[PDB]
Amino acid sequence: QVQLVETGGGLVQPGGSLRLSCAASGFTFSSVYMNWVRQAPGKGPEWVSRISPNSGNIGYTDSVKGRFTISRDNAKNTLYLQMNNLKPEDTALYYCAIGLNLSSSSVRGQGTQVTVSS
Amino acid sequence: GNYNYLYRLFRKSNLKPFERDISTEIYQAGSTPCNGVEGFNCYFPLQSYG
Amino acid sequence: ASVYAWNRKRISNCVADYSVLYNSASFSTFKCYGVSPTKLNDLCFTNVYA
């Protein structure tokens with residue numbers, strides 16, 4: 001039973017880049033990579049960002065270019081997402097899914113919804 | 001959505017009766033060996049209900 | 001042809017080896033629905049529309 005326990009994210013005011021954590025357990029994590037993907041209220045889910053296991057190349061939608069960054073740690077076996085110049089439009093559930101090349105409807109966790117409060 | 005419930009979608013052979021397969025090794029769907037690294041012809045064997 | 005002018009071809013009376021296509025690594029999109037991407041060499045159909 002693989003559990004993708006995801007740390008909750010509190011309300012953060014604009015002015016500081018937000019730091020969010022998302023952990024995984026129950027399976028070998030160094031083999032497969034993890035993926036960040038967002039679902040906003042009133043619209044369907046969409047893939048945000050992915051990181052390769054070995055090459056470690058961060059790939060994410062150009063619309064979010066220059067403000068989203070990922071950092072994976074196998075020693076702690078988790079992912080961290082940093083967003084700069086956070087805007088209200090970021091309000092959504094930035095959930096996690098074990099990243100496959102398609103990353104479509106794949107395995108995922110509950111996650112935590114975060115809304116930027118002016 | 002509740003995606004905590006998983007199931008096995010890729011396996012090399014059918015389970016025998018009353019077998020419990022808990023292995024999570026990456027499934028290989030091609031000639032190229034996977035060696036536990038995701039990629040082409042290397043698919044994670046679990047899939048969620050939601 | 002253009003996306004709105006997608007070109008259609010019919011294939012029949014031949015033998016199709018999908019293994020070479022599947023194990024090529026030169027294509028970034030391989031999505032088979034209805035049948036498994038592999039084990040396509042064991043299926044025989046009346047016609048194929050490309």
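Throughout, read-outs are computed from the coordinates displayed, never taken from laboratory work. Reconstructed Cβ throughout: ideal geometry from the backbone, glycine too, with neighbour counts over all protein chains shown.
With +1 on each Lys and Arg Cβ and -1 on each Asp and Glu Cβ, and nothing else charged, work out how big the dipole of the protein assembly as shown is about its Cα centre, in Debye to the nearest 20.
Details: 20 positive and 12 negative charges, 59 e Å.
Approximately 280 debye in magnitude.
In what sequence do A:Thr69, A:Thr61 fall when counting other Cβ within 10 Å, fewest first?
Details: A:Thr69 15, A:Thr61 12.
Exposure proxy ranking, most exposed first: A:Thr61, A:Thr69.
Identify all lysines with a Cα-Cα distance to A:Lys43 below 22 Å; exclude those on the same chain that are fewer than 8 residues away in sequence.
Those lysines meeting the cut-off are A:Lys65, A:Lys87.
Where does each of B:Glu25, A:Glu6 land when they are ranked from fewest to most other beta-carbon atoms within 10 angstrom? Mind showing how you got there, number by number?
On the way: B:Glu25 13, A:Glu6 22.
Ranked by crowding around the Cβ, least crowded first: B:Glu25, A:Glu6.
Can you tell me the relative contact order of chain C? Whole percent, Cα pairs under 8 Å, sequence separation 6 or more.
Values: 29 pairs, mean separation 28.6, N = 50.
Relative contact order for chain C comes out at 57 percent.
Fewest first, what order do A:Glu46, B:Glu19 take by the number of other Cβ atoms within 10 Å? Don't jump to the answer; show the numbers that get you there.
Values: A:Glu46 12, B:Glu19 7.
Fewest-to-most Cβ neighbours within 10 Å comes out as B:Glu19, A:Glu46.
When the Karplus curve 6.51 cos²θ - 1.76 cosθ + 1.60 is applied with θ = phi - 60°, which whole-Hz ³J(HN,Hα) does each residue of segment A:94-99 get, with x for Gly and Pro?
8, 8, 10, 9, 4, x
Determine the shape class of chain C: with a ≥ b ≥ c the square roots of the Cα gyration tensor eigenvalues, call it rounded for a/c under 1.5, and otherwise prolate if a/b is greater than b/c, oblate otherwise.
Note, shape of chain C comes out oblate.
Does chain B come out rounded, prolate or oblate, given a ≥ b ≥ c as the square roots of the eigenvalues of its C-alpha gyration tensor, rounded meaning a/c under 1.5 and, failing that, prolate meaning a/b above b/c? Could the numbers behind the result be given before it?
On the way: a/c = 2.57, a/b = 1.28, b/c = 2.01.
The shape class here is oblate.
For segment A:1-57, just say rounded, prolate or oblate: build the C-alpha gyration tensor, square-root its eigenvalues into a ≥ b ≥ c, call rounded for a/c under 1.5, and beyond that prolate if a/b exceeds b/c, oblate if not.
The shape class here is prolate.
Over chain A, calculate the relative contact order: mean separation of alpha carbon pairs under 8 Å at least 6 apart, over the residue count, as a percent. Before the final figure, lay out each step's value.
Details: 256 pairs, mean separation 41.9, N = 118.
Taking the mean separation of contacting Cα pairs over the length of chain A, I get 35 percent.
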